[PDB]
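Just so we're on the same page: letters track the sequence lines, and every chain starts at 1. Heavy atoms only: backbone and side chains are in, while hydrogens, waters and symmetry mates are out.
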Amino acid sequence: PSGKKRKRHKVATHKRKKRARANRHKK
Amino acid sequence: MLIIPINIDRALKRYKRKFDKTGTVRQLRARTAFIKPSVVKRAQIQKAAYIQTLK
Amino acid sequence: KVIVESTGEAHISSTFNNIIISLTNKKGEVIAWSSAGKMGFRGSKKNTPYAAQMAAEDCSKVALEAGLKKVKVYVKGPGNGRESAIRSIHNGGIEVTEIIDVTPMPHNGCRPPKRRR
Amino acid sequence: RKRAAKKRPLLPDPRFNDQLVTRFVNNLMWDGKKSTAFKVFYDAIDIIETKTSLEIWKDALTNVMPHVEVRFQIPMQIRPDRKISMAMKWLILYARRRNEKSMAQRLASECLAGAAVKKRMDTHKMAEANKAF
RNA sequence: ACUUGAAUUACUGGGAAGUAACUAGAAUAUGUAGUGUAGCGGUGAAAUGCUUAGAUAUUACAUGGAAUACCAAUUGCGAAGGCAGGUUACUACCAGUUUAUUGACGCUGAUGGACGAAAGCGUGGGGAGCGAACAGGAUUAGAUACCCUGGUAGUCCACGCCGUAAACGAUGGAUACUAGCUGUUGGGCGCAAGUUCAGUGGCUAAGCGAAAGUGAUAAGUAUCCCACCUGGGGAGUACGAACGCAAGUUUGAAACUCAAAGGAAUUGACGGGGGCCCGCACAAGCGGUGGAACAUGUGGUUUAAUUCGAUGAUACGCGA
C-alpha cells in the first residue's frame, strides 16, 4: 500500500522513546 | 595461481583474456564492500524469477 | 650489497588507486622499485596504463644496468596497468618468461569494511 | 544534430595564384573589406623582402600548427585541416599586439621563427601533462 | 464387532536437523630476520593519518582471533527462529514399500509450558577484521550526516536474564472434493518409454475477489476448533496490576476534536528513472552589452500637474 499510512508511526514511537530516554536516571 | 608459459603482446593478450575468463575482474569489486545475507538473498529470488519469466 | 644474478622476478602489485613495480632477485631481496605516484603522477591518474608504463620503464633501465636479464613476473591485484607494466618491461630490454598471477582471494576470511554510500 | 557540412569552397587570388593566401586575407578581413586586406598583406610580404618569397611566410605558418589540443581536459588531435586555421588565427591574433607603426609593419612576425611559437609551446606543454587520458 | 482414520513394528533410504569434542587451508593483523629508497594511503578533487627513528614493496618463520571461496541453487532439513570447511560420538525426525500388529486410541485447543533473529543486561576469558558513541580532515550559508583517517562498548566463548521484529506466504490448524501444461528433490514399479506416493517453483481454465491478483502447495465448494476486527486522531497514551537487575514486556481507558481517514485502478502533471529524437540549445568561430559620453523608455524623489496602461520569458526606442 501507501507509505503515508505507515508514516507518523515512526515519529510517534521515536518521540516516546526519546522522552523515556531523557527521563531515565531521574529517581 | 594463473601460471602461463611463453612476441610478447600475443602472450599478454592471452593472459589478459584468461584473467577475464576465470571470473576475477568482478570478484574483488564484490568483496571490496560488505553485502549482508538479507540483501544477498534477494538478488537470487529476483534473478531466478527473471530467468523463469524469460522462458 | 645484494647479489644480482641474472635470474629474477618482477612483482607488479596493482590496486584501485595505484600500482607498484618491484624488480627483485631470485631469493626475495628487492633490487629496484618504482611507483606511479613516485613518477610524478599524483592525482586520479595513478591508475592509468600510461602511468603504469612510465613507472615500469623508470625501473626497467635501472635494474637493467645491474645484471638482470630474465624475469619471472608475478602480477597481483586488480586495476589497470597490469598490461602496460609487463609490456614496457619486455619492450625495454629485460625478457619475461612467465605471467604468473598471484592475486589473493580469501575463502570467507574477514569482514569487508562497511559498504560505502 | 547539424547533420551536414559544406566547407564553403574558395577561389584563388591573382597574385601568387595560391589558395592559402585567400584564406589568410579572409581571416584578415574586417567589416567586410577584402581589397584593403589584400593591400595590407601585399605591403607586409614586400616589407618581408629584407631577409625569399611567400615561401618563408608559409613555412613560418607551419611552426604555429599544433598537433594536439586539450578539449576532464582530455587531449586529442584536432584535424588534418583545422591545423591551418588555428595557425592562421594565432598568427593574426598575435601580430596585432606588436607595437609597430602600421599593420604591414607589425605583421613582420613570419621572420620570428615571437608570441606565435609561444602559443604552440604552451599547448604542447599543457597536452604532454595530461597524457594519462 | 471391523479396518479405511491413527499409532507401533520390519526392510530400503534421506538430508547446512541438534549437542559435545578434535582438525585444515586461503586471506587480514602483529612480531623477528634479509633486500631496498621516498613515498604509502585516500577522494569528484583534497586534507587528516603512516613515513629518512627506513614506511609502502618482497622473501622465510612465528603468534593470535573470526568466518568457511569453488561445490552452491526459487536445492535440502527443521514446529518456528534458523541451519554451510572436514571427522567422530550421543540423539532426533522424515519418505517409500511384500510384511506383522492394536482397533477410533482422532482434530482443535482459553488459562498454561517450552523454544524463540538481532540488539540489550550480569559475571569470567578472548579480542585478527569490522565498528555504535567519540576525536580530527573534507563539502556546505550552517553539517551534531552522507565522504576520508583513527577508534571504545559490541560482534566471539562458558553460565545465565528480557522475550521483542517487515518473527511475511502481511494468507491459523485439520479432513474431503473440483481441468491441464511445464521443471526439479528423495522413494516404488519399470530392459526403455513412462506410471504412482511424499515435498518444492512457473503459466493458466472454470471458480472466487472492489481490483491488483489467487487458482489443486487456492484467496475454489463445504464441516469442526482457536485468535482477532467494528471510523481517524488522542493512544498502545493515562491509572492499577503481573514479570524483569535494568532497559522494558503483557493487559489496557476516558475526556476532547474532524467528517473524514483507507485499498485497487484510470487520465494528466512531474522526477537530479530509463530509451529514441529535434531547436545558434550546447561545442567551435565572429560581432556585441555590462567600462565612457550622448537619445529616448521605466522605476524612485520632488511639483499646482509631472495624463493612463504593460510593469519575467510574452513590459521597458512599447501603445505614441
K.L.:
Taking atom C1' of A283(E) as reference, at what distance in whole Å does atom CD1 of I78(D) sit?
P.N.:
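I78(D) atom CD1 is separated from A283(E) atom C1' by 15 Å.
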K.L.:
Under a 3.5 Å limit on both distances, do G82(E) and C77(E) form a Watson-Crick or G-U wobble pair?
P.N.:
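Pair flag for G82(E) and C77(E) is true.
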K.L.:
Can you tell me how far P in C71(E) sits from the matching atom in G160(E), rounded to whole Å?
P.N.:
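To the nearest whole Å, 41 Å.
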K.L.:
When rounded to the nearest Å, what value does the distance between P atoms of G78(E) and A7(E) take?
P.N.:
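Approximately 16 Å lies between the P atom of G78(E) and that of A7(E).
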K.L.:
Output the rounded distance in Å from CG (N26(D)) to P (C286(E)).
P.N.:
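After rounding, the reported distance stands at 14 Å.
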K.L.:
With both atom distances required to be under 3.5 Å, do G194(E) and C189(E) make a Watson-Crick or G-U wobble pair?
P.N.:
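Between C189(E) and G194(E) there is a Watson-Crick or G-U pair, with both distances under 3.5 Å.
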K.L.:
Counting just side-chain N and O atoms, does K1(C) come under 4.0 Å of either OP1 or OP2 of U35(E)?
P.N.:
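Checking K1(C) against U35(E): at least one side-chain N or O falls below 4.0 Å of OP1 or OP2.
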K.L.:
Which pairs, protein N/O on one side and nucleotides 163-169 of chain E N/O on the other, fall under 3.5 Å?
P.N.:
none

K.L.:
Could you measure between the two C1' atoms, the one in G252(E) and the one in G234(E), and give it in whole Å?
P.N.:
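Those two atoms are separated by 15 Å.
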K.L.:
How would you label the contact of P113(C) with the nucleic acid (heavy atoms, under 4.0 Å): base, sugar-phosphate, or nothing?
P.N.:
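Answer is sugar-phosphate: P113(C) comes under 4.0 Å of backbone atoms only.
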K.L.:
Looking only at side-chain N and O atoms, does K76(C) come under 4.0 Å of OP1 or OP2 in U58(E)?
P.N.:
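Indeed, a polar side-chain atom of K76(C) lies that close.
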K.L.:
Return the value, rounded to whole Å, for the distance between atom NZ of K17(A) and atom P of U249(E).
P.N.:
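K17(A) atom NZ is separated from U249(E) atom P by 8 Å.
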K.L.:
For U155(E) and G188(E), do both pairing distances fall under 3.5 Å in a Watson-Crick or G-U wobble arrangement?
P.N.:
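Under the 3.5 Å cut-off on both distances, the two nucleotides are not paired.
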K.L.:
Please confirm if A29(E) pairs with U63(E), counting Watson-Crick and G-U wobble geometry and requiring both distances below 3.5 Å.
P.N.:
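Answer is yes for this nucleotide pair.
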K.L.:
Counting only Watson-Crick or G-U wobble geometry with both distances under 3.5 Å, does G151(E) pair with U58(E)?
P.N.:
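No, neither Watson-Crick nor G-U wobble.
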K.L.:
Between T24(C) and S22(C), do the side chains contain an N or O donor and an N or O acceptor separated by less than 3.5 Å?
P.N.:
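Note: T24(C) and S22(C) side chains meet the donor-acceptor criterion.
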K.L.:
For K2(D), which contact category applies under a 4.0 Å heavy-atom criterion: base, sugar-phosphate, or nothing?
P.N.:
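Result for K2(D) = base.
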K.L.:
Which letters describe nucleotides 267-278 of chain E, given B = protein heavy atom under 4.0 Å from base, S = only from sugar-phosphate, - = neither?
P.N.:
-----------B
K.L.:
Sugar of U230(E): specify north or south by the sign of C1'-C2'-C3'-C4'.
P.N.:
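Because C1'-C2'-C3'-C4' is negative here, the pucker of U230(E) counts as south.
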K.L.:
Between protein and nucleic acid, restricted to nucleotides 40-47 of chain E and to nitrogen or oxygen atoms under 3.5 Å apart, what atom pairs and distances do you find?
P.N.:
| from | atom 1 | to | atom 2 | distance (Å) |
| --- | --- | --- | --- | --- |
| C40(E) | OP1 | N18(C) | ND2 | 3.1 |
| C40(E) | OP2 | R42(C) | NH2 | 2.4 |
| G41(E) | OP2 | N18(C) | ND2 | 2.6 |
| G41(E) | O6 | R42(C) | NH1 | 3.3 |
| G42(E) | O6 | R42(C) | NH1 | 3.1 |
| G42(E) | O6 | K46(C) | NZ | 3.0 |
| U43(E) | OP2 | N17(C) | ND2 | 2.4 |
| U43(E) | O3' | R116(C) | NH2 | 2.9 |
| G44(E) | OP1 | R116(C) | NH1 | 3.1 |
| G44(E) | OP1 | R116(C) | NH2 | 2.6 |

K.L.:
Tabulated below should be each protein N or O lying under 3.5 Å from an N or O of nucleotides 23-28 of chain E; please produce it.
P.N.:
| from | atom 1 | to | atom 2 | distance (Å) |
| --- | --- | --- | --- | --- |
| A26(E) | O2' | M105(C) | O | 2.9 |
| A26(E) | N3 | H107(C) | N | 3.2 |

K.L.:
Quick check for you: among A170(E), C147(E), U59(E), whose closest atom lies nearest to any side-chain atom of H11(C)?
P.N.:
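Per side-chain heavy atoms of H11(C), the pick is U59(E).
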K.L.:
So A114(E) and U306(E), Watson-Crick or G-U wobble pair with both distances under 3.5 Å, or not?
P.N.:
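Pairing fails for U306(E) and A114(E), missing the Watson-Crick or G-U definition.
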K.L.:
Considering only the P atoms, how many Å lie between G124(E) and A153(E), rounded to the nearest integer?
P.N.:
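Going atom to atom, P in each nucleotide, I get 15 Å.
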K.L.:
Just to be sure I understand the rule, does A49(B) reach a base, reach only the sugar-phosphate, or reach nothing, if contact means heavy atoms closer than 4.0 Å?
P.N.:
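Base contact.
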K.L.:
With a non-hydrogen cut-off below 4.0 angstrom, is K55(B) in contact with a base, only sugar-phosphate, or nothing?
P.N.:
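If one applies the 4.0 Å heavy-atom cut-off, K55(B) turns out to touch nothing in the nucleic acid.
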K.L.:
Atom CZ of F34(B) and atom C1' of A67(E): how far apart are they, to the nearest Å?
P.N.:
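Whole-Å distance recorded here is 11 Å.
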K.L.:
With nearest nucleotides of RNA chain E determined for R21(A) and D31(D) from heavy-atom distances, which residue corresponds to the more 5′ nucleotide?
P.N.:
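Upstream on the strand: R21(A).
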K.L.:
Base, sugar-phosphate or nothing for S2(A)? Non-hydrogen atoms, less than 4.0 Å.
P.N.:
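Counting heavy atoms under 4.0 Å across all strands, the contact made by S2(A) is with sugar-phosphate only.
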K.L.:
Quick one: are the six-membered base rings of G15(E) and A16(E) within stacking range, meaning centres under 5.5 Å apart and planes under 30 degrees?
P.N.:
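Between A16(E) and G15(E) there is no base stacking, as the criterion is defined here.
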K.L.:
Can you tell me how far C1' in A167(E) sits from the matching atom in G85(E), rounded to whole Å?
P.N.:
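Looking at atom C1' only, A167(E) and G85(E) are 30 Å apart.
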K.L.:
Classify the sugar of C280(E) as north or south, using the sign of the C1'-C2'-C3'-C4' torsion: positive means north, negative means south.
P.N.:
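Here the sugar adopts a south pucker, which is what a negative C1'-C2'-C3'-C4' value indicates.
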K.L.:
Taking only N/O atoms, report every protein-nucleotides 230-237 of chain E pair under 3.5 Å with atom names and distance.
P.N.:
| from | atom 1 | to | atom 2 | distance (Å) |
| --- | --- | --- | --- | --- |
| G236(E) | OP1 | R16(A) | NH1 | 2.8 |
| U237(E) | OP1 | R16(A) | NE | 3.2 |
| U237(E) | OP1 | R16(A) | NH2 | 3.1 |

K.L.:
What about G213(E) and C208(E): are they a Watson-Crick or G-U wobble pair, with both distances under 3.5 Å?
P.N.:
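Verdict: paired bases.
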K.L.:
Between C168(E) and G279(E), is a Watson-Crick or G-U wobble pair present, with both distances under 3.5 Å?
P.N.:
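The answer is no: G279(E) does not partner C168(E).
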K.L.:
Taking a pair to be Watson-Crick or G-U wobble with both distances under 3.5 Å, do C134(E) and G150(E) qualify?
P.N.:
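The answer is yes: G150(E) partners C134(E).
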K.L.:
Can the positive tip of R29(B) be found less than 6.0 Å from the middle of the six-membered ring of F16(C), inside 45° of the ring normal?
P.N.:
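Judged by the rule, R29(B) and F16(C) form a cation-pi pair.
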K.L.:
Mind checking the P distance from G236(E) to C276(E)? Whole angstroms is fine.
P.N.:
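Here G236(E) and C276(E) have their P atoms 50 Å from each other.
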K.L.:
Pairing status of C203(E) with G86(E) is requested, where a pair means Watson-Crick or G-U wobble geometry with both distances under 3.5 Å.
P.N.:
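Paired, no.
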K.L.:
Among residues at least two apart in sequence or on other chains, which ones pass ring-ring contact (aromatic ring centres under 6.0 Å, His included) with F24(D)?
P.N.:
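In terms of ring-ring contact (aromatic ring centres under 6.0 Å, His included), with neighbours along the sequence ignored, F24(D) is linked to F41(D), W57(D).
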K.L.:
Can you check the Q52(B) CD to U200(E) P distance for me, whole Å?
P.N.:
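Between P of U200(E) and CD of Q52(B): 17 Å.
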K.L.:
Kindly label the base of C105(E) as syn or anti, based on whether its glycosidic torsion lies within 90° of 0.
P.N.:
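Nucleotide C105(E) adopts syn.
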